[PDB]
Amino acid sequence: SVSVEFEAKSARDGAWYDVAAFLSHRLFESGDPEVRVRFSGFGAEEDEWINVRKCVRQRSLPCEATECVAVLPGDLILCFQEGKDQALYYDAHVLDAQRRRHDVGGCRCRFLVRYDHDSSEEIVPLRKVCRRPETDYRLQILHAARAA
């Protein structure tokens, strides 16, 4: 048994949000089915009709301090863009990574990222980075390389 959670992209800001529930569905003749979404930590007034195929995906994963080795240049990640009036998760691509020795606080690595939507670039810590679930594959590979 493996849990599968989802995140959906809002038409309001183009950011991704955790899905708490799928409330209903609607189908069109021209395609692209849509699903009514209740967002985690948001009321009913924020419910939204979401394009299922292009704006709903498997949930991005907040990184363990160990899992920094699964964040590589070229990757798509879900990155927390924190501003003065707004702080949202946006799709970004890793351009480079400065990997430094960990400490008691955990990961000390820095990642240069570029947000897909505004082309802005930012240096972020691992705590602001969410991995695409498929990168677990990499980790699994790494786990196979261990000693028995």
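We number the residues from 1 along the sequence you see.
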Exercise. Would 31-39 or 88-96 have the larger average of its C-alpha temperature factors, as given in the entry?
Worked result: 31-39
Exercise. For the stretches 124-132 and 21-29, which has the higher mean C-alpha B-factor as given in the deposited record?
Worked result: 21-29
For this session: Compare the C-alpha B factor of residue 56 with those of the other modelled residues in its chain, then answer lowest, middle or highest third.
Result: lowest
Seminar exercise, completed: Chain-relative C-alpha B factor for residue 114 (record values, thirds): the lowest
Exercise. What third of its chain, lowest, middle or highest, does the C-alpha temperature factor of residue 104 fall into?
Worked result: highest
Exercise. Looking at the C-alpha B-factor of residue 50, is it in the lowest, middle or highest third of its chain?
Worked result: middle
For this session: Sorting the chain's modelled residues by C-alpha B-factor, tell me whether residue 79 ends up in the lowest, middle or highest third.
Result: lowest
